[PDB]
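Asks: Protein chains in written order, with our numbering: chain A, 1 to 247; chain B, 1001 to 1422.
Note that CB positions come from ideal geometry on N, CA and C, so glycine has one too.
#1: Could you check how far apart the C-beta atoms of residue 1204 of chain B and residue 195 of chain A are, in whole angstroms? I think they sit under 8 Å.
#2: Write down every uninterrupted run of the beta strand (DSSP E) in the segment 130-159 of chain A whose length is 3 residues or greater and which is fully enclosed by it, in chain order.
#3: Could you work out which residues of chain A lie near residue 1165 of chain B, taking near to mean beta carbons separated by less than 7 Å?
#4: What separation, rounded to the nearest whole angstrom, lies between the Cα atoms of residue 58 of chain A and residue 40 of chain A?
#5: Going straight from the alpha carbon of residue 202 of chain A to that of residue 183 of chain A, what length do you get?
#6: On the DSSP bridge assignment, give the partners of residue 1098 of chain B in chain order.
#7: Measure the beta-carbon distance from residue 181 of chain A to residue 209 of chain A and round it to whole angstroms, keeping in mind my assumption that it falls under 8 Å.
#8: Looking at the structure shown, is residue 3 of chain A part of a helix, part of a strand, or coil, going by DSSP?
#9: Which of the three DSSP states, helix, strand or coil, is assigned to residue 86 of chain A?
#10: Along the beta strand (DSSP E) that carries residue 166 of chain A, what are the first and last residues, could you check?
#11: Taking its Cβ as the centre, do 16 or more other Cβ atoms sit within 10 Å of residue 1317 of chain B, making it buried, or is it exposed?
#12: Report the residue from B:1337, B:1090, B:1122, B:1038 whose alpha carbon sits nearest the alpha carbon of residue 1174 of chain B.
#13: Answer yes if the segment 1055-1075 of chain B comes into contact with the segment 1145-1159 of chain B, meaning at least three C-beta pairs across the two stretches below 8 Å, and no otherwise.
#14: Please confirm if residue 229 of chain A has its CB atom under 9 Å from at least one CB of chain B.
#15: Would you say residue 76 of chain A and residue 223 of chain A are within 9 Å of each other, going by their C-beta atoms?
#16: How many Å lie between residue 1275 of chain B and residue 1422 of chain B at the Cα?
#17: Does residue 1201 of chain B come out as helix, strand or coil in the three-state DSSP assignment?
#18: Quick check for students: name the residue ranges of the beta strand (DSSP E) that lie wholly in the segment 36-95 of chain A, counting only runs of 3 or more.
#19: Tell me which same chain residues have a C-beta within less than 7 Å of the C-beta of residue 37 of chain A, skipping the five on either side of it?
#20: Let me know the secondary structure DSSP gives residue 1028 of chain B once reduced to three states.
#21: Check residue 1108 of chain B in the structure and name its three-state DSSP category.
#22: Is the Cβ-Cβ distance between residue 80 of chain A and residue 207 of chain A less than 9 Å?
#23: Is it right to say residue 1230 of chain B is buried, meaning 16 or more other beta carbons lie within 10 angstroms of its own, or is it exposed?
#24: Determine the DSSP secondary structure at residue 214 of chain A, reduced to helix, strand or coil.
#25: Using 8 Å as the cut-off, classify the Cβ of residue 1265 of chain B as near or not near the heavy atoms of the ligand SAH, replying yes or no.
#26: Quick one: residues in its chain with C-beta nearer than 6 Å to the C-beta of residue 25 of chain A, no 5 flanking neighbours on either side, listed in chain order?
#27: Less than 9 Å between CB atoms is the rule here; does residue 173 of chain A satisfy it with respect to chain B?
#28: Please state the DSSP three-state secondary structure of residue 33 of chain A.
#29: In terms of alpha-carbon separation, which member of A:19, A:1, A:5 lies closest to residue 1215 of chain B?
#30: According to the neighbour-count rule (16 or more other Cβ atoms, all chains shown, within 10 Å of its Cβ), is residue 199 of chain A buried or exposed?
#31: What residues of chain B sit near residue 17 of chain A, judged by a beta carbon separation below 8 Å?
#32: If you draw a straight line from the alpha carbon of residue 1334 of chain B to that of residue 1271 of chain B, how long is it in whole angstroms?
#33: In this structure, does DSSP put residue 1323 of chain B in helix, strand or coil?
#34: Residues in the same chain with beta-carbon distance under 8 Å from residue 120 of chain A, minus the five sequence neighbours each way, listed in chain order, please.
#35: On the criterion of 16 or more Cβ atoms from any shown chain inside 10 Å, does residue 1356 of chain B qualify as buried, or is it exposed?
#36: For residue 1350 of chain B, does the three-state DSSP call read helix, strand or coil?
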């Protein structure tokens, strides 16, 4: 009980959230079928098991889809700044994808920092998976440099791990959009039904995806088209041929 | 038409909303099953009706759950301030819960102010309900002081009353989070379907809950874990045991489970076995003891035969219809009505044992009279019972007064013997 000054990494988090009050933001929400993901992911993990490899996750697949979508709609990668006292649009060279890694510290308090996978627009699924696992691996061993925390152009967050249906997050300065992935579960009106009965009807599972963007440089139509493309890829013949070929 | 200055309470509302522009906020949304709430709330309100009490609401239950969740995740109670020009985290002493009360004024314009229930983390459900109703009662009579509007640490709002599905509200300065409760209704793609068809599938009702928090002091993971805890409590065995204990209801609460298929032994067979169990062993849970007393050294018989789980039935069967073979003078009935009648006949103030009798005509005679019930007595009859009770107690007290030490072997505690013999 009482009052206590904020110090350390927590002070940095507080300062940046205050800075972010100067970005006008809007959000879009879309729900997508997730049956084909479950099926095809299982097929890939069976191949890896016989060849004594590892295991891929849903975040890997949605991550790769997001990259392909940003290439199709490049405006989602731009940002805003005032330079020499004039408004300015910033068009980067690469797509650097920031992952929100929740890592506990020595003290025993959870604190998140966003690390980057760099130069993603010249990768196939095999290369992408390697880079992803590289960042994660070095984070646990505590071997991340200061260069890994710089140059992020677009971010990805996963509140669905705990079981949240969707969220409306904050956007940090220096980026144009942040994408959020929600729970992959039956709706709550079906959570007491029998397997037999659901199978008869033909009920599938969902995933809800959100897009929060800076409205000075990105318009609503673009954000909508982005989410429509992501929806099409996760149920597309040609998309899964790529992944299967590479693995 | 035209322009007009803002004055009064409205000016205060405008100023505070402008101040709130300096709080960075984020929101989380989660949907939760609500079937077990409907069931167990009904069970509690039945007990209150017989004891001539009141009636509990959904806001009471969700309110209490929210309190328990804040205790499990204390970070949700903190706030931010700049003191001596340094950033600071504020950790309060108590959990004070603000209620959004919409009250019309003398003029005829609606205006809301948030009142507080204080020191909530040291309350059980009975205490909580009393405090809640206290605030509401005094608000209508116009007897709230200035102290009641101060010291709020966390707030609760209910846009679902009108029928909104969910909202994204504003957070006011001096708090860390605000929680919102949405509509408890079927989704809109089912609002034209038949009851029969929904019952077959096993479709339930929802409730959507939101959390809007200050991002300088609360992180997203904490907000998510908070909502996950609330979801678990509203479908948890131990949670409902607390509520039932505090309100003095004698039955085991309905439990949460999945719907099972109608395979193997048919469900009509199972309902007939439940009827036989109550007729045979229902006396083991009847309300026949005036004291709330269990003797410590005595064995307690098994009475697992009287709950619907042992006969492979579930909450999802309560509104379906079954063949009951003349029970209640009907060929067909719902499981809800079956339970109701069984409990009225074999679990109130009279417990009976008669199923061991070998003759069929005897058994049927007793069975018919016990299930018809006790007929309502006239006013003359009622007054006659009161005279006899009075005579008993009065006689004992007189002798106590006039002859103190003398041995008489009193009947005090058992005065109902006199009207029984009569």
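Replies: A quick look at the data gives this:
#1: Incorrect: roughly 16 Å between the Cβ atoms, too far for contact.
#2: Correct list: 154-157.
#3: Result: empty, since nearest Cβ-Cβ is about 12 Å, beyond 7 Å.
#4: The straight-line gap separating the alpha-carbon atoms of residue 58 of chain A and residue 40 of chain A is approximately 11 Å.
#5: Cα-Cα distance, rounded: 20 Å.
#6: According to DSSP, residue 1098 of chain B bridges with B:1116, B:1155.
#7: Confirmed, about 6 Å.
#8: Residue state, collapsed to three classes: strand.
#9: Under the three-state reduction of DSSP, residue 86 of chain A is assigned to strand.
#10: Run containing residue 166 of chain A: 166-168, per the beta strand (DSSP E) assignment.
#11: By the Cβ-count criterion, residue 1317 of chain B is buried, with 16 or more other Cβ atoms from all chains shown falling within 10 Å of its own Cβ.
#12: Scanning B:1337, B:1090, B:1122, B:1038 for the CA closest to the CA of residue 1174 of chain B turns up B:1090.
#13: The segment 1145-1159 of chain B makes contact with the segment 1055-1075 of chain B; the number of CB pairs closer than 8 Å reaches 3 or more.
#14: No, no contact with chain B.
#15: Yes, Cβ-Cβ distance for residue 76 of chain A and residue 223 of chain A is below 9 Å.
#16: Using only the alpha carbons, I get a separation of about 35 Å.
#17: Correct three-state label for residue 1201 of chain B: helix.
#18: Whole beta strand (DSSP E) segments, 3+ residues: 79-83, 86-90.
#19: Hits under 7 Å: 58, 61, 234.
#20: In the three-state reduction of the DSSP assignment, residue 1028 of chain B falls in the strand class.
#21: Looking at residue 1108 of chain B - three-state DSSP - the assignment turns out to be coil, as it is neither helix nor strand.
#22: For residue 80 of chain A and residue 207 of chain A, no; Cβs fall outside 9 Å.
#23: The residue in question, residue 1230 of chain B, is buried, as its Cβ has 16 or more Cβ neighbours within 10 Å.
#24: Note: residue 214 of chain A maps to strand in three-state DSSP.
#25: The model depicted lacks the ligand SAH and carries no ligand whatsoever.
#26: These residues qualify, in order along the chain: 171, 212.
#27: Taking Cβ atoms only, chain B never reaches closer than 9 Å to residue 173 of chain A, which makes this a no.
#28: The DSSP-derived three-state label of residue 33 of chain A is strand.
#29: Ranking the options by Cα distance to residue 1215 of chain B, first place goes to A:19.
#30: Residue 199 of chain A comes out exposed.
#31: Near residue 17 of chain A (Cβ distances below 8 Å), the residues of chain B are 1024, 1215, 1216.
#32: Cα-Cα distance, rounded: 10 Å.
#33: Secondary structure of residue 1323 of chain B (DSSP, three-state): strand.
#34: Answer for residue 120 of chain A: 67, 94, 95, 96, 97, 128, 131, listed in chain order.
#35: Exposed.
#36: Three-state result, residue 1350 of chain B: coil.
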